[PDB]
Structure formats: structure tokens, C-alpha cells
$ cat data33.txt   # compact mmCIF, C-alpha atoms
# COMPACT_ATOMS: atom_id res chain seq x y z
CA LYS C 10 -14.42 111.10 150.44
CA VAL C 11 -14.06 111.05 146.65
CA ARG C 12 -10.36 111.41 145.75
CA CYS C 13 -9.30 112.64 142.30
CA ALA C 14 -6.20 112.31 140.12
CA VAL C 15 -5.02 114.48 137.24
CA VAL C 16 -3.03 112.25 134.90
CA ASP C 17 -0.46 113.51 132.41
CA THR C 18 -1.11 112.20 128.85
CA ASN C 19 2.51 111.09 128.59
CA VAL C 20 1.82 108.68 131.50
CA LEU C 21 -1.27 107.37 129.70
CA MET C 22 0.82 106.61 126.59
CA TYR C 23 2.70 104.13 128.83
CA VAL C 24 -0.59 102.20 129.41
CA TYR C 25 -0.51 100.90 125.86
CA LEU C 26 3.27 100.88 125.36
CA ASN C 27 4.14 99.06 128.62
CA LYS C 28 0.89 97.22 129.58
CA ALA C 29 0.70 99.21 132.80
CA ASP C 30 -2.85 99.56 134.21
CA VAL C 31 -2.33 103.09 135.53
CA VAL C 32 -6.01 103.75 136.18
CA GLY C 33 -6.56 100.46 138.03
CA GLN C 34 -3.44 101.05 140.15
CA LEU C 35 -4.72 104.55 141.04
CA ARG C 36 -8.10 103.03 142.03
CA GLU C 37 -6.27 100.70 144.47
CA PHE C 38 -4.87 103.78 146.24
CA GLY C 39 -8.42 105.19 146.56
CA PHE C 40 -8.64 107.53 143.54
CA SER C 41 -12.00 107.21 141.77
CA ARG C 42 -12.23 110.47 139.76
CA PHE C 43 -9.89 111.09 136.85
CA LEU C 44 -9.36 114.56 135.43
CA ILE C 45 -7.74 116.03 132.34
CA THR C 46 -7.71 119.63 131.09
CA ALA C 47 -9.36 120.73 127.85
CA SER C 48 -5.98 122.11 126.70
CA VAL C 49 -3.98 118.91 127.28
CA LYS C 50 -6.69 116.71 125.74
CA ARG C 51 -6.66 118.95 122.59
CA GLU C 52 -2.85 118.83 122.48
CA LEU C 53 -3.01 115.01 122.54
CA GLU C 54 -5.59 115.04 119.68
CA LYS C 55 -3.19 117.20 117.62
CA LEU C 56 -0.16 115.06 118.53
CA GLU C 57 -1.99 111.88 117.51
CA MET C 58 -2.41 113.27 114.00
CA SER C 59 1.39 113.46 113.62
CA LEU C 60 2.46 110.24 115.40
CA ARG C 61 3.23 106.97 113.58
CA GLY C 62 3.41 103.27 114.38
CA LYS C 63 2.95 102.06 117.92
CA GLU C 64 3.16 105.63 119.27
CA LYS C 65 0.11 106.51 117.16
CA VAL C 66 -1.69 103.47 118.62
CA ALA C 67 -0.68 104.51 122.18
CA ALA C 68 -2.09 108.03 121.63
CA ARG C 69 -5.37 106.58 120.36
CA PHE C 70 -5.57 104.24 123.35
CA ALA C 71 -4.83 107.23 125.68
CA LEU C 72 -7.60 109.18 123.93
CA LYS C 73 -10.00 106.24 124.55
CA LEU C 74 -9.05 106.22 128.26
CA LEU C 75 -9.91 109.92 128.41
CA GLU C 76 -13.50 109.06 127.47
CA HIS C 77 -13.81 108.12 131.19
CA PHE C 78 -12.04 111.23 132.49
CA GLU C 79 -13.68 114.51 133.51
CA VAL C 80 -12.49 117.30 131.19
CA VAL C 81 -11.99 120.60 133.01
CA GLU C 82 -11.26 124.11 131.81
CA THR C 83 -8.27 126.16 132.93
CA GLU C 84 -6.86 129.65 132.46
CA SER C 85 -3.46 128.24 131.48
CA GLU C 86 -2.56 125.84 128.65
CA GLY C 87 -0.37 122.74 128.26
CA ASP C 88 1.57 121.24 131.19
CA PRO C 89 0.93 124.22 133.53
CA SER C 90 -2.81 123.48 133.17
CA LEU C 91 -2.30 120.12 134.90
CA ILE C 92 -0.97 121.94 137.99
CA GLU C 93 -3.82 124.48 137.83
CA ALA C 94 -6.43 121.69 137.67
CA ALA C 95 -4.80 119.56 140.36
CA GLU C 96 -4.64 122.52 142.81
CA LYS C 97 -8.20 123.76 142.04
CA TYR C 98 -9.87 120.34 142.39
CA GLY C 99 -7.60 119.05 145.14
CA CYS C 100 -6.15 116.18 143.14
CA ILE C 101 -2.94 114.22 143.07
CA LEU C 102 -0.89 114.90 139.94
CA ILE C 103 0.51 111.88 138.15
CA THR C 104 3.44 112.79 135.89
CA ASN C 105 7.00 111.81 135.15
CA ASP C 106 7.92 115.33 134.05
CA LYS C 107 10.64 116.61 136.39
CA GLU C 108 9.64 120.30 136.11
CA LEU C 109 5.97 119.48 136.68
CA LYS C 110 6.79 117.47 139.85
CA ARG C 111 8.93 120.32 141.23
CA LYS C 112 6.23 122.97 140.64
CA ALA C 113 3.59 120.71 142.20
CA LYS C 114 5.87 120.08 145.20
CA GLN C 115 6.39 123.84 145.57
CA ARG C 116 2.61 124.39 145.61
CA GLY C 117 1.85 121.53 148.07
CA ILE C 118 0.21 119.29 145.41
CA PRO C 119 0.89 115.60 146.02
CA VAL C 120 2.59 113.75 143.17
CA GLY C 121 2.79 110.21 141.86
CA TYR C 122 4.80 108.93 138.93
CA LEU C 123 5.67 105.79 137.03
CA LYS C 124 8.48 103.57 138.23
CA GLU C 125 9.89 100.41 136.67
CA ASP C 126 10.70 97.38 138.88
CA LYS C 127 13.06 94.87 137.30
CA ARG C 128 13.47 91.57 139.07
CA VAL C 129 15.61 88.76 137.87
CA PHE C 130 14.27 85.33 138.78
CA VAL C 131 14.90 81.67 138.00
CA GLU C 132 12.50 80.30 135.34
CA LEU C 133 11.81 76.54 135.18
CA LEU C 134 9.02 76.84 132.56
CA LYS W 10 14.64 63.14 148.05
CA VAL W 11 17.67 65.44 147.83
CA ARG W 12 17.48 67.41 144.56
CA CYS W 13 20.61 68.97 143.04
CA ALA W 14 21.34 71.85 140.66
CA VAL W 15 24.40 72.50 138.51
CA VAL W 16 24.71 76.26 138.12
CA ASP W 17 26.61 77.97 135.31
CA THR W 18 29.16 80.54 136.62
CA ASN W 19 27.77 83.14 134.22
CA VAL W 20 24.43 82.87 136.09
CA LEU W 21 26.25 83.33 139.41
CA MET W 22 27.86 86.56 138.13
CA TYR W 23 24.27 87.89 137.91
CA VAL W 24 23.87 87.37 141.71
CA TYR W 25 26.19 90.27 142.40
CA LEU W 26 25.48 92.33 139.28
CA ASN W 27 21.66 92.19 139.52
CA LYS W 28 20.97 91.41 143.24
CA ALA W 29 19.27 88.17 142.26
CA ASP W 30 19.32 85.48 145.00
CA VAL W 31 19.71 82.56 142.60
CA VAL W 32 20.58 80.03 145.28
CA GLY W 33 17.67 81.01 147.54
CA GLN W 34 15.24 80.89 144.60
CA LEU W 35 16.52 77.39 143.71
CA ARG W 36 16.00 76.31 147.35
CA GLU W 37 12.33 77.42 147.10
CA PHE W 38 11.88 74.97 144.21
CA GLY W 39 13.33 72.17 146.38
CA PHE W 40 17.00 72.12 145.30
CA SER W 41 19.33 71.75 148.30
CA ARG W 42 22.59 70.51 146.70
CA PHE W 43 24.60 72.78 144.44
CA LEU W 44 27.24 71.42 142.09
CA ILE W 45 30.02 72.87 139.97
CA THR W 46 32.73 71.10 137.97
CA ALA W 47 36.43 71.36 138.77
CA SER W 48 37.03 72.62 135.20
CA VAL W 49 34.45 75.45 135.30
CA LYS W 50 35.52 76.56 138.80
CA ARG W 51 39.17 76.76 137.57
CA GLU W 52 38.07 78.68 134.46
CA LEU W 53 36.29 81.21 136.71
CA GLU W 54 39.45 81.57 138.88
CA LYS W 55 41.46 82.34 135.70
CA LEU W 56 38.79 84.73 134.36
CA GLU W 57 38.71 86.63 137.65
CA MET W 58 42.41 87.42 137.27
CA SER W 59 41.68 89.27 134.01
CA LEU W 60 38.38 91.01 134.87
CA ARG W 61 38.14 94.63 136.07
CA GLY W 62 35.69 96.82 137.96
CA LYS W 63 32.32 95.48 138.97
CA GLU W 64 32.79 92.37 136.80
CA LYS W 65 35.88 91.51 138.88
CA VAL W 66 33.77 91.96 142.04
CA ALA W 67 31.00 89.74 140.58
CA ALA W 68 33.52 86.96 139.82
CA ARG W 69 34.88 87.13 143.36
CA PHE W 70 31.36 87.00 144.80
CA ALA W 71 30.59 83.99 142.50
CA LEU W 72 33.78 82.33 143.74
CA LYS W 73 32.62 82.89 147.37
CA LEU W 74 29.23 81.29 146.54
CA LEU W 75 31.09 78.26 145.20
CA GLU W 76 32.54 77.69 148.68
CA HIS W 77 29.10 76.14 149.42
CA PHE W 78 28.94 74.09 146.21
CA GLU W 79 30.11 70.51 145.74
CA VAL W 80 32.98 70.42 143.23
CA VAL W 81 32.86 67.37 140.97
CA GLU W 82 35.28 65.95 138.44
CA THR W 83 34.41 65.31 134.80
CA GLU W 84 36.01 63.83 131.69
CA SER W 85 35.15 66.93 129.65
CA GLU W 86 36.12 70.57 130.26
CA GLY W 87 34.35 73.94 130.17
CA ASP W 88 30.62 74.26 129.35
CA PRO W 89 30.25 70.61 128.20
CA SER W 90 31.33 69.58 131.73
CA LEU W 91 28.17 71.18 133.15
CA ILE W 92 26.05 68.83 130.99
CA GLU W 93 28.22 65.83 131.96
CA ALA W 94 27.83 66.63 135.68
CA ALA W 95 24.11 67.37 135.48
CA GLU W 96 23.40 64.05 133.68
CA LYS W 97 25.68 61.96 135.97
CA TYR W 98 24.30 63.34 139.24
CA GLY W 99 20.73 63.77 138.03
CA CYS W 100 20.62 67.53 138.44
CA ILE W 101 18.80 70.42 136.85
CA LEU W 102 21.12 72.64 134.80
CA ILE W 103 20.78 76.37 135.34
CA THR W 104 22.21 78.36 132.42
CA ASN W 105 21.31 81.10 130.01
CA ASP W 106 23.59 79.71 127.30
CA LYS W 107 21.43 78.81 124.30
CA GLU W 108 23.68 75.95 123.09
CA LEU W 109 23.91 74.48 126.60
CA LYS W 110 20.10 74.50 126.99
CA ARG W 111 19.63 72.77 123.61
CA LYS W 112 22.17 70.01 124.40
CA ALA W 113 20.61 69.47 127.84
CA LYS W 114 17.13 69.31 126.25
CA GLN W 115 18.43 66.75 123.73
CA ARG W 116 19.77 64.59 126.57
CA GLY W 117 16.62 64.85 128.76
CA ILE W 118 18.28 67.10 131.39
CA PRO W 119 15.85 69.63 132.87
CA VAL W 120 16.85 73.27 132.51
CA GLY W 121 16.24 76.53 134.32
CA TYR W 122 17.48 79.97 133.38
CA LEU W 123 17.33 83.60 134.42
CA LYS W 124 14.46 85.78 133.30
CA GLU W 125 13.86 89.48 133.89
CA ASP W 126 10.37 90.72 134.87
CA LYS W 127 9.81 94.44 134.31
CA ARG W 128 6.67 95.92 135.78
CA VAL W 129 5.72 99.51 135.57
CA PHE W 130 3.77 100.76 138.57
CA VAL W 131 2.51 104.00 140.08
CA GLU W 132 4.82 105.30 142.86
CA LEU W 133 3.39 107.66 145.52
CA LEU W 134 6.55 107.61 147.72

$ encode --input "data33.txt" --output "C-alpha cells"
Amino acid sequence: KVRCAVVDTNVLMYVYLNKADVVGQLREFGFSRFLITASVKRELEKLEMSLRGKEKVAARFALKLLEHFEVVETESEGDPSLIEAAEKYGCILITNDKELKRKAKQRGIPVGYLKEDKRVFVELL
Amino acid sequence: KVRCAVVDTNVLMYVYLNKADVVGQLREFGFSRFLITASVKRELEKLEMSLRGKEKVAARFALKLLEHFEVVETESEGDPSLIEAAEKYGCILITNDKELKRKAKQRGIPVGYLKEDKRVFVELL
């Protein structure tokens, strides 16, 4: 079956800022549909207008990624809309926001988040 | 042939502090003899007596690792002794010390050092 993921825009900002291929990694786990809410997309467009430097670039890159997302409407606005969308469409919710993860857990919505693996290794080059 | 590595004690402190298996990683590259100088080993024994907390534990763990190193004598003392030993015995020198690496490079001694790889990935567990 077609599996979907709702991805928090703050996670997408990490694509540019940390060279993390979030969408490709989600595809490996079997997710082939990517959803955002109209509210959160609009909030990111507004945020972009006030960001500077590399954060501004990261928001623009996130906005380009969203060109390949489905944009869905919700009753609620902002972060709560991500939960509403994930539950309605039967998606995983990808976020690092601690309150969002808790609420999703409480509603039986599966969650994924970004983790950093640091390994120290011997370099001969 | 039997390949040898001289390993800076500051690198060995990272074994405990960062869970980096420096000796095992060196074995993978074909190094099966591990050398320290009498001077640097003694300096680490003195240092241990003044360290505290987890640094004290890391120095003790480094000292235990040195139980499986060959201890060799040199004319010189301290960091310079690591270069002297590496050149005499034909070893690679493993250090993160920028001056030590330069001097080794200038004398044709191969160098390895510790690097940190950070990858950001999607966690579903």
C-alpha cells in the first residue's frame, strides 16, 4: 500500500543546514507520499521573509522541497494541523518537537524524528 | 610484514571518553604492533595523579591499554619522543596534535588522526 508521511518544516530546514536527505531516508522505509498542511506551508512562507543568512537559504530550500509534497487543508492551524493531517490521512508524523510527539503518541499516530550519530574514527587520508 | 603504530596518549584518552575503538580500527588497517615511549607513558602516569572525574577514568583506561603496547626508549622526551620512536621503528604516528603532524610530515613519517563523522538520520525507534 501507499504509505504517507507528514513532515514538520523545522525538520526540512535540517535538509539544507545538515545535508540530511530526509525525503530519501523516508523513501527507504517505504513512504512515497509526502504531506504538508496549507497552514504550515503559509507559516514557512511568512517565516522565510524574516529569516537571514543560511537560515533564509534553508527555508527557501524547504519551500522547494514542498513543491513535491501534497498540500492538505485542515480545521486547525500551525503545529496542531500536522497532527490533524497525519491522523486523517493515516500518516507517520516526522518532527523533533517534544509536544508534537507526545500528542501524536497519545492519539496513536506513529512518529519519527531526526537523530545525530557521531562516530569517531581513525583517518589515514 | 608486521606494521607498527605509535599512538599519542591524548588519542587514547578518546577511547574511553568517546567509545572509539582506536586499537581495533588500527588493526583493520593492518597495524598489529603498538608502541609508546617510556617518557610519554611516565608523563601519562604523572598526569593521571592530577586529573579528576571522567578525565581521571580516561587516563586510567589509557594506562590499561598501554599494558598491550611495547614501551621503547628514546633520547628525547615528551611529544618529540613519539616522532623519534615512529621514525626509528618505521611506524605510523597517530596524533591530533597539529605540530606533531607537521614535524612527522616533514620527516616522511605517515600520520593518522581522529576524525568525527556526524550524520543526521531519521529515527523510527

$ closest_residue --input "data33.txt" --among "W:122, W:130, W:40, W:23" --to "residue 63 of chain W" --atoms "all atoms listed in the file"
W:23

$ interface_residues --input "data33.txt" --of "chain C" --to "chain W" --cutoff "10 Å" --atoms "only C-alpha atoms" --output "PyMOL selection string"
chain C and resi 20+23-24+27-35+38+101+103-104+119-134

$ axis_aligned_box --input "data33.txt" --around "segment 108-118 of chain C" --padding-each-side "3 Å" --output "JSON"
{"center_x": 4.9, "center_y": 120.9, "center_z": 142.1, "size_x": 15.4, "size_y": 12.9, "size_z": 18.0}

$ calpha_fit_and_write --input "data33.txt" --fixed "chain C" --moving "chain W" --output "PDB file with C-alpha atoms, keeping the file's coordinate frame"
ATOM      1  CA  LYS W  10     -14.414 111.101 150.443  1.00  0.00           C
ATOM      2  CA  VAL W  11     -14.063 111.049 146.649  1.00  0.00           C
ATOM      3  CA  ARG W  12     -10.365 111.412 145.754  1.00  0.00           C
ATOM      4  CA  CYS W  13      -9.307 112.637 142.301  1.00  0.00           C
ATOM      5  CA  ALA W  14      -6.200 112.309 140.126  1.00  0.00           C
ATOM      6  CA  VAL W  15      -5.021 114.478 137.243  1.00  0.00           C
ATOM      7  CA  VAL W  16      -3.035 112.245 134.907  1.00  0.00           C
ATOM      8  CA  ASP W  17      -0.465 113.507 132.410  1.00  0.00           C
ATOM      9  CA  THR W  18      -1.119 112.198 128.849  1.00  0.00           C
ATOM     10  CA  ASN W  19       2.507 111.085 128.595  1.00  0.00           C
ATOM     11  CA  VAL W  20       1.822 108.678 131.504  1.00  0.00           C
ATOM     12  CA  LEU W  21      -1.271 107.371 129.696  1.00  0.00           C
ATOM     13  CA  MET W  22       0.820 106.603 126.581  1.00  0.00           C
ATOM     14  CA  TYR W  23       2.696 104.133 128.837  1.00  0.00           C
ATOM     15  CA  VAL W  24      -0.591 102.201 129.414  1.00  0.00           C
ATOM     16  CA  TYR W  25      -0.506 100.900 125.869  1.00  0.00           C
ATOM     17  CA  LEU W  26       3.265 100.876 125.355  1.00  0.00           C
ATOM     18  CA  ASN W  27       4.140  99.058 128.611  1.00  0.00           C
ATOM     19  CA  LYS W  28       0.885  97.214 129.574  1.00  0.00           C
ATOM     20  CA  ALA W  29       0.698  99.199 132.795  1.00  0.00           C
ATOM     21  CA  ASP W  30      -2.853  99.561 134.211  1.00  0.00           C
ATOM     22  CA  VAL W  31      -2.333 103.086 135.531  1.00  0.00           C
ATOM     23  CA  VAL W  32      -6.004 103.753 136.177  1.00  0.00           C
ATOM     24  CA  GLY W  33      -6.560 100.469 138.031  1.00  0.00           C
ATOM     25  CA  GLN W  34      -3.442 101.046 140.155  1.00  0.00           C
ATOM     26  CA  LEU W  35      -4.716 104.551 141.037  1.00  0.00           C
ATOM     27  CA  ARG W  36      -8.095 103.037 142.026  1.00  0.00           C
ATOM     28  CA  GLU W  37      -6.273 100.699 144.470  1.00  0.00           C
ATOM     29  CA  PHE W  38      -4.875 103.779 146.235  1.00  0.00           C
ATOM     30  CA  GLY W  39      -8.421 105.185 146.553  1.00  0.00           C
ATOM     31  CA  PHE W  40      -8.641 107.529 143.537  1.00  0.00           C
ATOM     32  CA  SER W  41     -12.007 107.210 141.767  1.00  0.00           C
ATOM     33  CA  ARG W  42     -12.227 110.472 139.758  1.00  0.00           C
ATOM     34  CA  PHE W  43      -9.887 111.095 136.853  1.00  0.00           C
ATOM     35  CA  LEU W  44      -9.354 114.565 135.435  1.00  0.00           C
ATOM     36  CA  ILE W  45      -7.743 116.035 132.342  1.00  0.00           C
ATOM     37  CA  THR W  46      -7.712 119.628 131.088  1.00  0.00           C
ATOM     38  CA  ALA W  47      -9.362 120.731 127.854  1.00  0.00           C
ATOM     39  CA  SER W  48      -5.982 122.118 126.698  1.00  0.00           C
ATOM     40  CA  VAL W  49      -3.974 118.907 127.278  1.00  0.00           C
ATOM     41  CA  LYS W  50      -6.690 116.702 125.732  1.00  0.00           C
ATOM     42  CA  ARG W  51      -6.663 118.948 122.596  1.00  0.00           C
ATOM     43  CA  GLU W  52      -2.850 118.832 122.485  1.00  0.00           C
ATOM     44  CA  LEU W  53      -3.011 115.011 122.540  1.00  0.00           C
ATOM     45  CA  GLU W  54      -5.594 115.035 119.685  1.00  0.00           C
ATOM     46  CA  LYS W  55      -3.188 117.202 117.622  1.00  0.00           C
ATOM     47  CA  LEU W  56      -0.160 115.050 118.537  1.00  0.00           C
ATOM     48  CA  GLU W  57      -1.989 111.880 117.514  1.00  0.00           C
ATOM     49  CA  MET W  58      -2.409 113.271 114.000  1.00  0.00           C
ATOM     50  CA  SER W  59       1.386 113.460 113.621  1.00  0.00           C
ATOM     51  CA  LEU W  60       2.467 110.244 115.395  1.00  0.00           C
ATOM     52  CA  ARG W  61       3.228 106.970 113.577  1.00  0.00           C
ATOM     53  CA  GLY W  62       3.408 103.270 114.383  1.00  0.00           C
ATOM     54  CA  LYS W  63       2.949 102.064 117.919  1.00  0.00           C
ATOM     55  CA  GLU W  64       3.164 105.630 119.275  1.00  0.00           C
ATOM     56  CA  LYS W  65       0.109 106.513 117.154  1.00  0.00           C
ATOM     57  CA  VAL W  66      -1.682 103.469 118.626  1.00  0.00           C
ATOM     58  CA  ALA W  67      -0.675 104.517 122.178  1.00  0.00           C
ATOM     59  CA  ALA W  68      -2.091 108.031 121.628  1.00  0.00           C
ATOM     60  CA  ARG W  69      -5.366 106.587 120.361  1.00  0.00           C
ATOM     61  CA  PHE W  70      -5.574 104.238 123.347  1.00  0.00           C
ATOM     62  CA  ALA W  71      -4.833 107.229 125.681  1.00  0.00           C
ATOM     63  CA  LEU W  72      -7.592 109.175 123.930  1.00  0.00           C
ATOM     64  CA  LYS W  73     -10.007 106.238 124.544  1.00  0.00           C
ATOM     65  CA  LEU W  74      -9.050 106.220 128.262  1.00  0.00           C
ATOM     66  CA  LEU W  75      -9.903 109.920 128.406  1.00  0.00           C
ATOM     67  CA  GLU W  76     -13.499 109.062 127.475  1.00  0.00           C
ATOM     68  CA  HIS W  77     -13.811 108.117 131.189  1.00  0.00           C
ATOM     69  CA  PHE W  78     -12.046 111.235 132.494  1.00  0.00           C
ATOM     70  CA  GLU W  79     -13.674 114.510 133.507  1.00  0.00           C
ATOM     71  CA  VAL W  80     -12.484 117.301 131.196  1.00  0.00           C
ATOM     72  CA  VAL W  81     -11.989 120.600 133.011  1.00  0.00           C
ATOM     73  CA  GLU W  82     -11.267 124.109 131.811  1.00  0.00           C
ATOM     74  CA  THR W  83      -8.275 126.161 132.931  1.00  0.00           C
ATOM     75  CA  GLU W  84      -6.854 129.650 132.454  1.00  0.00           C
ATOM     76  CA  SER W  85      -3.453 128.240 131.477  1.00  0.00           C
ATOM     77  CA  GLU W  86      -2.553 125.843 128.647  1.00  0.00           C
ATOM     78  CA  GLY W  87      -0.377 122.743 128.256  1.00  0.00           C
ATOM     79  CA  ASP W  88       1.569 121.237 131.194  1.00  0.00           C
ATOM     80  CA  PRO W  89       0.934 124.219 133.536  1.00  0.00           C
ATOM     81  CA  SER W  90      -2.808 123.479 133.167  1.00  0.00           C
ATOM     82  CA  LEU W  91      -2.300 120.115 134.896  1.00  0.00           C
ATOM     83  CA  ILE W  92      -0.964 121.944 137.987  1.00  0.00           C
ATOM     84  CA  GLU W  93      -3.819 124.488 137.830  1.00  0.00           C
ATOM     85  CA  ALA W  94      -6.427 121.694 137.669  1.00  0.00           C
ATOM     86  CA  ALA W  95      -4.804 119.560 140.359  1.00  0.00           C
ATOM     87  CA  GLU W  96      -4.642 122.516 142.809  1.00  0.00           C
ATOM     88  CA  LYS W  97      -8.204 123.753 142.042  1.00  0.00           C
ATOM     89  CA  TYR W  98      -9.871 120.346 142.389  1.00  0.00           C
ATOM     90  CA  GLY W  99      -7.597 119.055 145.138  1.00  0.00           C
ATOM     91  CA  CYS W 100      -6.151 116.183 143.143  1.00  0.00           C
ATOM     92  CA  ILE W 101      -2.936 114.221 143.076  1.00  0.00           C
ATOM     93  CA  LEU W 102      -0.887 114.906 139.939  1.00  0.00           C
ATOM     94  CA  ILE W 103       0.505 111.876 138.150  1.00  0.00           C
ATOM     95  CA  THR W 104       3.437 112.787 135.891  1.00  0.00           C
ATOM     96  CA  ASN W 105       6.991 111.811 135.151  1.00  0.00           C
ATOM     97  CA  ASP W 106       7.918 115.334 134.053  1.00  0.00           C
ATOM     98  CA  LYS W 107      10.641 116.609 136.384  1.00  0.00           C
ATOM     99  CA  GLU W 108       9.642 120.301 136.108  1.00  0.00           C
ATOM    100  CA  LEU W 109       5.965 119.479 136.691  1.00  0.00           C
ATOM    101  CA  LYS W 110       6.788 117.472 139.847  1.00  0.00           C
ATOM    102  CA  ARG W 111       8.936 120.318 141.235  1.00  0.00           C
ATOM    103  CA  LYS W 112       6.232 122.969 140.640  1.00  0.00           C
ATOM    104  CA  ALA W 113       3.582 120.710 142.198  1.00  0.00           C
ATOM    105  CA  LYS W 114       5.871 120.077 145.203  1.00  0.00           C
ATOM    106  CA  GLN W 115       6.386 123.845 145.566  1.00  0.00           C
ATOM    107  CA  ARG W 116       2.614 124.388 145.614  1.00  0.00           C
ATOM    108  CA  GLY W 117       1.853 121.526 148.068  1.00  0.00           C
ATOM    109  CA  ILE W 118       0.217 119.292 145.410  1.00  0.00           C
ATOM    110  CA  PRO W 119       0.890 115.594 146.015  1.00  0.00           C
ATOM    111  CA  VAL W 120       2.589 113.749 143.171  1.00  0.00           C
ATOM    112  CA  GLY W 121       2.785 110.213 141.854  1.00  0.00           C
ATOM    113  CA  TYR W 122       4.802 108.939 138.927  1.00  0.00           C
ATOM    114  CA  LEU W 123       5.674 105.789 137.030  1.00  0.00           C
ATOM    115  CA  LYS W 124       8.480 103.567 138.226  1.00  0.00           C
ATOM    116  CA  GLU W 125       9.894 100.408 136.670  1.00  0.00           C
ATOM    117  CA  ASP W 126      10.699  97.382 138.878  1.00  0.00           C
ATOM    118  CA  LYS W 127      13.067  94.865 137.291  1.00  0.00           C
ATOM    119  CA  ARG W 128      13.472  91.565 139.070  1.00  0.00           C
ATOM    120  CA  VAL W 129      15.605  88.762 137.875  1.00  0.00           C
ATOM    121  CA  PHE W 130      14.272  85.329 138.772  1.00  0.00           C
ATOM    122  CA  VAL W 131      14.903  81.670 138.010  1.00  0.00           C
ATOM    123  CA  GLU W 132      12.504  80.311 135.335  1.00  0.00           C
ATOM    124  CA  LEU W 133      11.818  76.544 135.189  1.00  0.00           C
ATOM    125  CA  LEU W 134       9.019  76.833 132.560  1.00  0.00           C
TER     126      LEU W 134
END

$ atom_distance --input "data33.txt" --atom1 "atom CA of residue 11 of chain C" --atom2 "atom CA of residue 69 of chain C"
28.0 Å

$ residues_around --input "data33.txt" --residues "segment 81-83 of chain C" --least-positions-apart "4" --cutoff "9 Å" --atoms "only C-alpha atoms" --output "PyMOL selection string"
chain C and resi 44-48+90-91+93-94

$ write_last_selection --input "data33.txt" --atoms "C-alpha atoms" --output "compact mmCIF listing (two decimals), keeping the file's coordinate frame"
# COMPACT_ATOMS: atom_id res chain seq x y z
CA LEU C 44 -9.36 114.56 135.43
CA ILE C 45 -7.74 116.03 132.34
CA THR C 46 -7.71 119.63 131.09
CA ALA C 47 -9.36 120.73 127.85
CA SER C 48 -5.98 122.11 126.70
CA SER C 90 -2.81 123.48 133.17
CA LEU C 91 -2.30 120.12 134.90
CA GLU C 93 -3.82 124.48 137.83
CA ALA C 94 -6.43 121.69 137.67

$ atom_distance --input "data33.txt" --atom1 "atom CA of residue 59 of chain W" --atom2 "atom CA of residue 111 of chain W"
29.4 Å

$ atom_distance --input "data33.txt" --atom1 "atom CA of residue 43 of chain W" --atom2 "atom CA of residue 115 of chain W"
22.4 Å

$ residues_around --input "data33.txt" --residues "residue 12 of chain C" --least-positions-apart "4" --cutoff "8 Å" --atoms "all atoms listed in the file" --output "list in words"
residues 39, 40, 41, 42 and 100 of chain C

$ write_last_selection --input "data33.txt" --atoms "C-alpha atoms" --output "PDB file, keeping the file's coordinate frame"
ATOM      1  CA  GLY C  39      -8.420 105.190 146.560  1.00  0.00           C
ATOM      2  CA  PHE C  40      -8.640 107.530 143.540  1.00  0.00           C
ATOM      3  CA  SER C  41     -12.000 107.210 141.770  1.00  0.00           C
ATOM      4  CA  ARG C  42     -12.230 110.470 139.760  1.00  0.00           C
ATOM      5  CA  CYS C 100      -6.150 116.180 143.140  1.00  0.00           C
TER       6      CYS C 100
END

$ residues_around --input "data33.txt" --residues "residue 64 of chain W" --least-positions-apart "6" --cutoff "9 Å" --atoms "only C-alpha atoms" --output "list in words"
residues 22, 25, 26 and 57 of chain W

$ residues_near_point --input "data33.txt" --point "(24.6, 74.4, 137.8)" --cutoff "6 Å" --atoms "only C-alpha atoms" --output "list in words"
residues 14, 15, 16, 17, 44, 102 and 103 of chain W

$ residues_around --input "data33.txt" --residues "residue 73 of chain W" --least-positions-apart "3" --cutoff "12 Å" --atoms "all atoms listed in the file" --output "VMD selection string"
chain W and resid 18 21 to 22 24 to 25 50 53 to 54 66 to 70 76 to 78

$ decode --input "data33.txt" --residues "segment 72-109 of chain W" --atoms "C-alpha atoms" --output "PDB file, in the first residue's frame"
ATOM      1  CA  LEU W  72      47.153   3.283  31.015  1.00  0.00           C
ATOM      2  CA  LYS W  73      45.434  -0.155  30.879  1.00  0.00           C
ATOM      3  CA  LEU W  74      45.576  -0.096  27.047  1.00  0.00           C
ATOM      4  CA  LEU W  75      49.317   0.561  27.294  1.00  0.00           C
ATOM      5  CA  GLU W  76      49.728  -2.793  29.052  1.00  0.00           C
ATOM      6  CA  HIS W  77      49.492  -4.232  25.492  1.00  0.00           C
ATOM      7  CA  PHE W  78      51.882  -1.703  23.933  1.00  0.00           C
ATOM      8  CA  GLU W  79      55.641  -2.091  23.514  1.00  0.00           C
ATOM      9  CA  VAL W  80      57.440   0.559  25.584  1.00  0.00           C
ATOM     10  CA  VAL W  81      60.534   1.912  23.854  1.00  0.00           C
ATOM     11  CA  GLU W  82      63.323   4.197  24.997  1.00  0.00           C
ATOM     12  CA  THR W  83      64.260   7.438  23.260  1.00  0.00           C
ATOM     13  CA  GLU W  84      66.873  10.176  23.530  1.00  0.00           C
ATOM     14  CA  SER W  85      64.184  12.874  23.567  1.00  0.00           C
ATOM     15  CA  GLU W  86      61.256  13.337  25.962  1.00  0.00           C
ATOM     16  CA  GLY W  87      57.548  14.156  25.654  1.00  0.00           C
ATOM     17  CA  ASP W  88      55.859  14.687  22.262  1.00  0.00           C
ATOM     18  CA  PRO W  89      59.156  14.790  20.294  1.00  0.00           C
ATOM     19  CA  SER W  90      59.804  11.224  21.548  1.00  0.00           C
ATOM     20  CA  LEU W  91      56.772   9.999  19.586  1.00  0.00           C
ATOM     21  CA  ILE W  92      58.387  11.249  16.356  1.00  0.00           C
ATOM     22  CA  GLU W  93      61.753   9.731  17.336  1.00  0.00           C
ATOM     23  CA  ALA W  94      60.128   6.331  18.011  1.00  0.00           C
ATOM     24  CA  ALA W  95      57.948   6.379  14.906  1.00  0.00           C
ATOM     25  CA  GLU W  96      60.946   7.167  12.627  1.00  0.00           C
ATOM     26  CA  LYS W  97      63.293   4.629  14.324  1.00  0.00           C
ATOM     27  CA  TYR W  98      60.826   1.720  14.244  1.00  0.00           C
ATOM     28  CA  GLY W  99      59.181   2.666  10.954  1.00  0.00           C
ATOM     29  CA  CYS W 100      55.732   3.257  12.397  1.00  0.00           C
ATOM     30  CA  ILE W 101      52.735   5.375  11.569  1.00  0.00           C
ATOM     31  CA  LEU W 102      52.162   8.144  14.117  1.00  0.00           C
ATOM     32  CA  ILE W 103      48.617   8.582  15.361  1.00  0.00           C
ATOM     33  CA  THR W 104      48.053  12.042  16.860  1.00  0.00           C
ATOM     34  CA  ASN W 105      45.736  15.000  16.641  1.00  0.00           C
ATOM     35  CA  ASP W 106      48.477  17.441  17.640  1.00  0.00           C
ATOM     36  CA  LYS W 107      48.966  19.884  14.762  1.00  0.00           C
ATOM     37  CA  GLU W 108      52.690  20.500  15.449  1.00  0.00           C
ATOM     38  CA  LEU W 109      53.376  16.765  15.771  1.00  0.00           C
TER      39      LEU W 109
END
